[PDB]
Amino acid sequence: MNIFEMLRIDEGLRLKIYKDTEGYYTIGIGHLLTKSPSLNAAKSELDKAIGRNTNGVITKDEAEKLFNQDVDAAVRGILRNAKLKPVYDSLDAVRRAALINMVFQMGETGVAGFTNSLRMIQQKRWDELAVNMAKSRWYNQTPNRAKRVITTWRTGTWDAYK
Ligand SMILES: [Cl-]
Ligand SMILES: [Cl-]
């Protein structure tokens with residue numbers, strides 16, 4: 001088990017443009033295309049991203065490429081963020097994967113804003129953290145996913161993914 005396998009599980013894989021859980025144009029493996037209501041604006045972003053006229057459709061190899069790029073940006077984002085970086089450095093490997101997962105889904109900004117959880121993470125107060133994270137839109141909107149991630153944080157193992 002690793003970050004790649006983890007996110008593939010949580011995000012699924014789809015070769016056609018689609019609406020995410022928030023109604024956003026997305027494709028491949030959780031790759032957000034646009035927050036805009038327009039399918040054309042979405043098709044346009046996708047062609048720009050892929051470098052070709054796709055027609056709202058990509059191949060497997062193309063989704064994986066976007067995925068690679070996205071995992072990489074998440075990591076680099078974390079390491080560039082003043083609030084995030086130290087958090088990341090204080091963690092074990094499984095738990096660093098839980099942070100990337102969240103960053104992937106909600107962005108640096110979203111994550112950085114979970115201030116109280118951040119302090120707990122650092123103090124390594126596992127159980128409390130799990131309770132705190134549950135008190136969130138994130139958890140209310142995508143419970144099963146958030147539960148997997150929260151267990152990950154709580155236990156430091158990959159059990160939720162097995
Ligand atoms: Cl892109
Ligand atoms: Cl869910």
# chains A, B, ... in the order shown; residues from 1 in each chain; ligands from 1

$ residues_near_ligand --ligand "ligand 1" --cutoff "10 Å" --atoms "only C-alpha atoms and all ligand atoms" --output "PyMOL selection string"
chain A and resi 31-33+45-51+65-67+69-70

$ residues_around --residues "residue 132 in chain A" --least-positions-apart "6" --cutoff "10 Å" --atoms "only C-alpha atoms" --output "number ranges by chain"
A: 114, 116-117, 120, 150

$ closest_residue --among "A:57, A:133, A:9, A:111" --to "ligand 2" --atoms "only C-alpha atoms and all ligand atoms"
A:9

$ closest_residue --among "A:29, A:123, A:59, A:138" --to "ligand 2" --atoms "only C-alpha atoms and all ligand atoms"
A:138

$ residues_around --residues "range 3-7 of chain A" --least-positions-apart "4" --cutoff "12 Å" --atoms "only C-alpha atoms" --output "short mmCIF file (atom, residue, chain, number, x, y, z; two decimals) with C-alpha atoms, in the first residue's frame"
data_model
loop_
_atom_site.label_atom_id
_atom_site.label_comp_id
_atom_site.auth_asym_id
_atom_site.auth_seq_id
_atom_site.Cartn_x
_atom_site.Cartn_y
_atom_site.Cartn_z
CA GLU A 11 -10.91 8.65 -6.31
CA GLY A 12 -11.72 5.94 -8.72
CA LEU A 13 -10.73 6.12 -12.40
CA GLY A 28 -9.32 10.50 -14.74
CA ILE A 29 -8.31 9.96 -11.19
CA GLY A 30 -9.82 12.83 -9.25
CA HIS A 31 -8.31 15.50 -11.59
CA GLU A 64 -2.15 8.19 -15.09
CA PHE A 67 -2.32 11.56 -11.68
CA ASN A 68 1.49 11.53 -11.48
CA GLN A 69 1.51 15.19 -11.96
CA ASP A 70 -1.09 15.73 -9.33
CA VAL A 71 0.48 13.58 -6.65
CA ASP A 72 3.67 15.40 -7.27
CA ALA A 74 0.49 17.88 -3.69
CA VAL A 75 3.74 16.82 -2.21
CA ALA A 93 5.16 7.44 6.48
CA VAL A 94 1.59 6.18 6.64
CA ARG A 95 0.42 9.37 8.19
CA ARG A 96 2.30 11.52 5.63
CA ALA A 97 0.19 9.67 3.08
CA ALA A 98 -2.98 10.75 4.93
CA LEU A 99 -1.88 14.43 4.67
CA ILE A 100 -1.17 14.11 0.94
CA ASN A 101 -4.59 12.48 0.44
CA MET A 102 -6.33 15.43 2.05
CA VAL A 103 -4.25 17.91 0.18
CA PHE A 104 -5.07 16.21 -3.08
CA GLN A 105 -8.80 16.41 -2.35
CA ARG A 145 -13.86 8.52 2.38
CA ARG A 148 -10.87 5.90 5.72
CA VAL A 149 -8.58 8.88 6.02
CA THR A 152 -5.46 6.26 8.85
CA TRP A 158 -3.40 1.03 6.22
CA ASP A 159 -6.20 -1.03 7.71
CA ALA A 160 -9.04 1.07 6.28
CA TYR A 161 -7.72 0.37 2.88
CA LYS A 162 -7.50 -3.40 3.25
#

$ closest_atom_pairs --of "chain A" --to "ligand 2" --cutoff "8 Å" --atoms "only C-alpha atoms and all ligand atoms" --output "JSON lines"
{"residue": "A:141", "atom": "CA", "partner": "ligand 2", "partner_atom_place_in_ligand_line": "1 (Cl)", "distance": 7.3}
{"residue": "A:142", "atom": "CA", "partner": "ligand 2", "partner_atom_place_in_ligand_line": "1 (Cl)", "distance": 3.7}
{"residue": "A:143", "atom": "CA", "partner": "ligand 2", "partner_atom_place_in_ligand_line": "1 (Cl)", "distance": 4.6}
{"residue": "A:144", "atom": "CA", "partner": "ligand 2", "partner_atom_place_in_ligand_line": "1 (Cl)", "distance": 3.9}
{"residue": "A:145", "atom": "CA", "partner": "ligand 2", "partner_atom_place_in_ligand_line": "1 (Cl)", "distance": 4.3}
{"residue": "A:146", "atom": "CA", "partner": "ligand 2", "partner_atom_place_in_ligand_line": "1 (Cl)", "distance": 6.7}

$ write_last_selection --atoms "N, CA and C atoms" --output "PDB file, in the first residue's frame"
ATOM      1  N   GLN A 141     -19.900  15.654   4.147  1.00  0.00           N
ATOM      2  CA  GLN A 141     -20.198  15.477   2.741  1.00  0.00           C
ATOM      3  C   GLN A 141     -19.708  14.175   2.138  1.00  0.00           C
ATOM      4  N   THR A 142     -18.544  13.694   2.551  1.00  0.00           N
ATOM      5  CA  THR A 142     -17.995  12.433   2.000  1.00  0.00           C
ATOM      6  C   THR A 142     -17.519  11.525   3.122  1.00  0.00           C
ATOM      7  N   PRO A 143     -18.452  11.066   3.908  1.00  0.00           N
ATOM      8  CA  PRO A 143     -18.229  10.216   5.081  1.00  0.00           C
ATOM      9  C   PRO A 143     -17.377   8.955   4.900  1.00  0.00           C
ATOM     10  N   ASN A 144     -17.719   8.096   3.973  1.00  0.00           N
ATOM     11  CA  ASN A 144     -16.935   6.879   3.849  1.00  0.00           C
ATOM     12  C   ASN A 144     -15.492   7.206   3.589  1.00  0.00           C
ATOM     13  N   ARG A 145     -15.254   8.140   2.681  1.00  0.00           N
ATOM     14  CA  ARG A 145     -13.864   8.520   2.376  1.00  0.00           C
ATOM     15  C   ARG A 145     -13.199   9.108   3.596  1.00  0.00           C
ATOM     16  N   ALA A 146     -13.825  10.122   4.139  1.00  0.00           N
ATOM     17  CA  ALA A 146     -13.250  10.747   5.295  1.00  0.00           C
ATOM     18  C   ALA A 146     -12.995   9.716   6.376  1.00  0.00           C
TER      19      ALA A 146
END

$ select_by_dssp --residues "range 19-85 of chain A" --states "strand (DSSP E or B)" --output "PyMOL selection string"
chain A and resi 19+25-28+31-34+57

$ closest_residue --among "A:86, A:156, A:110, A:56" --to "residue 25 in chain A" --atoms "only C-alpha atoms"
A:56

$ residues_around --residues "residue 79 in chain A" --least-positions-apart "5" --cutoff "8 Å" --atoms "only C-alpha atoms" --output "PyMOL selection string"
chain A and resi 84-85+88

$ select_by_dssp --residues "range 51-160 of chain A" --states "alpha helix (DSSP H)" --output "ChimeraX atom specification"
/A:60-80,84-89,93-112,115-123,126-134,137-141,143-155

$ closest_residue --among "A:58, A:154, A:15, A:118" --to "residue 131 in chain A" --atoms "only C-alpha atoms"
A:154

$ closest_residue --among "A:73, A:54, A:26, A:155" --to "residue 42 in chain A" --atoms "only C-alpha atoms"
A:26
